[PDB]
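Have a look at the structure below before the remarks.
All heavy atoms count here, side chains included; hydrogens, waters and symmetry mates do not. Here is how names work: the chains are called A, B, and so on, in the same order as the sequence lines, proteins then strands, and each is numbered from 1.
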2 protein chains.
Amino acid sequence: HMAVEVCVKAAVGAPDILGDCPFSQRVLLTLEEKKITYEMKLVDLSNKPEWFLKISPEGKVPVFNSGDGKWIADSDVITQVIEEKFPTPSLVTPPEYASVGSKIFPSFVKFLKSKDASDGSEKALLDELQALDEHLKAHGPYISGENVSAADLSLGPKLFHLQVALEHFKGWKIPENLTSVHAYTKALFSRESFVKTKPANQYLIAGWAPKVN
Amino acid sequence: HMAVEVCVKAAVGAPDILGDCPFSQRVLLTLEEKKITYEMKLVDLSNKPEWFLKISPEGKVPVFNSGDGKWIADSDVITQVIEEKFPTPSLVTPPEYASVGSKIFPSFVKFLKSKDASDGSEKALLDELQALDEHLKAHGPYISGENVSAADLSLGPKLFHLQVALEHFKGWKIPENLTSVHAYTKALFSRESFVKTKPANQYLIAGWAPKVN
């Protein structure tokens, strides 16, 4: 029977280069951490190939094959299907810590797209990071203590995008007085799985550039 | 080891009565169709019990246990975790038909909440149902032909809510010139699994009533 497969976003105009999808990176982080043998198939969404449109006709990424031939979409769905089919090593996050940092990504996009300083977007984002800092100071170094879980593989890519896009477009960085957020991103981003699956800053910025204007 | 379990919304003030959650009904429809032995645990969200807040601390429904002790949320996640752990009988919808009727439910809520007739909400909903009718006329009686799949178990509850809430609050019904939508809802709603898991019209209307005003 079939191999384990994942289709993710490639850099625009470079089909052999990994793109900036943070939902695709969550799935890649899961597959790496569980030491599963798989194949990453890159798709340039501005030039959707024949084989891709067969597998995912609505052109959405990521799409995953567990080796059964049935292609499934949505990174929440995918990472949970992976947890069931490949339970060891466990990456289960306790439900008490499931929604930790849930509003950081929407607040990041809100502040990035912003043109007004009286917007309240910066404060709303800062308040969201202050809450994450408090949670990490109390129950860290990761979302669920001493070990990396699913919630980290989801939030990690989102904080990476926040870091690169806000520095480039705004000159804004997660403030250093948020010591627990910083130890968290320092620890998470330096992981063998993150370093491998992270997009080059270049493609992250290029991807966000049209949405900023 | 543990039993298969699902926590769903109960009628407000009646913990022994099945509530109106259409995402919970999708999961119940999946569990019935796959002839899986499970237990439905009812939760009155206006009076969240002790045991429930342990299992799902963010108070969200549905929540599901496949018998491993690990509670999971989101009906898209749940129904796909069920498809992997219990593949026979298959309920896989081909991805080509995955997004069929995707905008019907948001358009229904838009038109229900509406106070203006010049809103364009009615037409937007009608256009969405006309497209579903065309798809069903061409590739029916269900979303994926002759047999019921996952997409039907998702859309079915949504069309049921649309039917009951729009008749009660607006005097609006899916027009009868949409013959394929009607054969579809006639076939789907009469199924042993639907009849069993459907909320009483009463609790559907009561649930929507505060959101209409």
(Q) Is there a side-chain contact between B:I174 and B:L129 in this structure, where contact means two heavy atoms from C-beta onward sitting under 4.5 Å apart? (A) yes

Determine yes or no for a side-chain-to-main-chain donor-acceptor pair under 3.5 angstrom, with B:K85 supplying the side chain and A:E84 the backbone. no

**Prompt:** Under 4.5 Å between any side-chain heavy atoms of B:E83 and B:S90, yes or no?
**Reply:** yes

*Give a yes or no on whether the backbone of A:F105 and the side-chain of A:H161 come within a donor-acceptor separation of less than 3.5 Å.*
no

Taking every heavy atom of B:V43 against every heavy atom of B:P49, the minimum-distance pair comes out as CG1-CD, 3.8 Å

Residue pairs passing the salt bridge (charged side-chain N to carboxylate O under 4.0 Å, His left out) test with at least one member in residues 187-196 of chain B, sequence neighbours excluded, are B:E32-B:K196, B:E33-B:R191

(message) Working note: A:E5 + A:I55, criterion side-chain contact (heavy atoms from CB on, under 4.5 Å); need CA distance, chi angles, decisive distance, verdict.
(response) CA-CA 11 Å; A:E5 313 183 25; A:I55 278 152; 5.5 Å; no

Rounding to 0.5 Å, atoms CG (A:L132) and CD1 (A:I143) come to a distance of 6.5 Å

When rounded to the nearest 0.5 Å, the distance separating NE2 of A:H182 from CG of A:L159 is 10.0 Å

Interatomic distance, NZ@A:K48 vs CG@A:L45, rounded to 0.5 Å, equals 5.0 Å

Q | Between B:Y97 and B:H139, ring centroids under 6.0 Å | A | yes

The reported gap from CZ in B:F108 to CD in B:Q163 (rounded to nearest 0.5 angstrom) is 11.0 Å

Are A:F160 and A:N201 side-chain neighbours, meaning at least one heavy-atom pair lies under 4.5 Å?
yes

When rounded to the nearest 0.5 Å, the distance separating CG of A:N65 from CD1 of A:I78 is 10.5 Å

| task | Would you check if A:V27 and A:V8 make a side-chain contact, meaning some heavy-atom pair closer than 4.5 Å? | result | no

Heavy-atom check, side chain of B:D76 versus side chain of B:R26, under 4.5 Å: yes

Scanning both residues in full, the closest heavy-atom pair of A:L112 with A:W208 reads CD2-CE3, 3.6 Å

- Item | Within-4.5 Å side-chain heavy-atom neighbours: B:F194 and B:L28 | no

Walk me through whether A:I36 and A:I82 qualify under side-chain contact (heavy atoms from CB on, under 4.5 Å).
CA-CA 10 Å; A:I36 301 164; A:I82 292 168; 3.9 Å; yes

query = Are B:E122 and B:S114 close enough that some pair of their side-chain heavy atoms sits under 4.5 Å apart?
reply = no

Applied to residues 144-160 of chain B, the salt bridge (charged side-chain N to carboxylate O under 4.0 Å, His left out) test, sequence neighbours excluded, yields none

Q) So, do A:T79 and A:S154 sit near enough that their side-chain heavy atoms are less than 4.5 Å apart? A) no

Q. Under the side-chain contact (heavy atoms from CB on, under 4.5 Å) criterion, do B:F169 and B:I205 qualify, and how do the steps go?
A. CA-CA 8 Å; B:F169 298 94; B:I205 292 150; 3.8 Å; yes

Here the pair of heavy atoms bringing B:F189 nearest to B:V195 is O-CG2, 3.3 Å

Any donor and acceptor pair, going by atom type alone, linking the side chain of A:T93 with main-chain N or O of A:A150 inside 3.5 Å? yes

Smallest heavy-atom separation, B:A151 atom then B:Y184 atom, equals O-OH, 4.5 Å

| message | I'd like to know if the side chain of A:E134 pairs up with that of A:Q130 as donor and acceptor (distance under 3.5 Å, no hydrogens or angles considered). | response | yes

Closest heavy-atom pair, A:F23 versus A:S75, reported as atoms and distance to 0.1 Å, is O-CB, 3.4 Å

To the nearest 0.5 Å, atom CD1 of B:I17 lies from atom NZ of B:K9 at 13.0 Å

Residues B:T179 and B:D133: closest non-hydrogen pair is N-OD1, 3.4 Å

Could you give me the CA-CA distance, side-chain angles and deciding distance for A:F52 and A:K41, then say whether side-chain contact (heavy atoms from CB on, under 4.5 Å) is met?
CA-CA 9 Å; A:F52 175 65; A:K41 282 180 178 185; over 6 Å; no

Check: B:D44/B:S46 side-chain N/O donor and acceptor closer than 3.5 Å: yes

